[PDB]
């Protein structure tokens, strides 16, 4: 019945005060601490850059006696794989990665389920017929979200166009704000983002447009603009993983949880959403949870007109994992 506390560390690419992505991972850590109490001792490091700095931070946490380390950014993938080889008695969990080892697992959300529902609402609320996406880097997570936003919108209005702008960072509130201003200048009036700040929401509110929270309810930053949010609940996953390491049941695997598992939840609808739109949103949400609809159910074509998925089929897990193609109706912004 007696066992020393499990030392668990979290490595963040951003600040806990982003009120988005890192905030939600850190709420997951705090949920793990509440659920497991004295059986776990957690620590975290914020604002860890990619490459040599990340490797040095992850090594130091492994050297300090942490037995379970979560690296919560795509950009920590190669540093995590190198430190895992050097620390074969430490369990490593890497968010959104594709590299596994005996002591390295990977985990991610199916947030694109929520992004699909956002696109349904964006189609109902847009006046220009142009929706906007602030992207970080063209990795499969982000391209799945761009496509899911577009397909969700197209389920309501097949003529919808999605304009994408890239900021080449996950988190920079000044760059995110400039990117949101550019999308609105180029005719987008309902915005979503894969970056980590509420900057896009604040710009939407200032310009009288709409946007969506990402990873947390961001309505306090922009009560008029915030239609809803795709909330990320990491707490149950972090709890289960820490429990597995303590109990000796942990094994390397690829974990993907969505709305059915409670990792992805939608915030309440803005009062501006009319009853016809709200009703459709609740019906599609129920269908998403039950698996009666899937964001990448066929038929799908890419932007060259190639068939990716036939009607009555679903996109295979391999194509989801490596997604680097766009559906018809996705375009870039004019640069400068």
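Positions refer to the first chain, counted from 1.
- The PDB entry reports B-factors from which the mean C-alpha value can be compared for 46 to 54 and 65 to 73; the larger average falls on 46 to 54.
- Just going by the entry, 315 to 323 versus 16 to 24 on mean CA temperature factor gives the higher value to 315 to 323.
- When all modelled residues of the chain are sorted by CA temperature factor, residue 82 is found within the middle third.
- In the deposited entry, the Cα temperature factor of residue 285 sits in the top third of values across the chain's modelled residues.
- Residue 156: CA B factor in the highest third of modelled residues in this chain (values from the PDB entry).
- Compared with the other modelled residues of the chain, the Cα B-factor recorded for residue 308 ranks in the highest third.
- Ranked by C-alpha B-factor against the other modelled residues of its chain, residue 8 falls in the lowest third.
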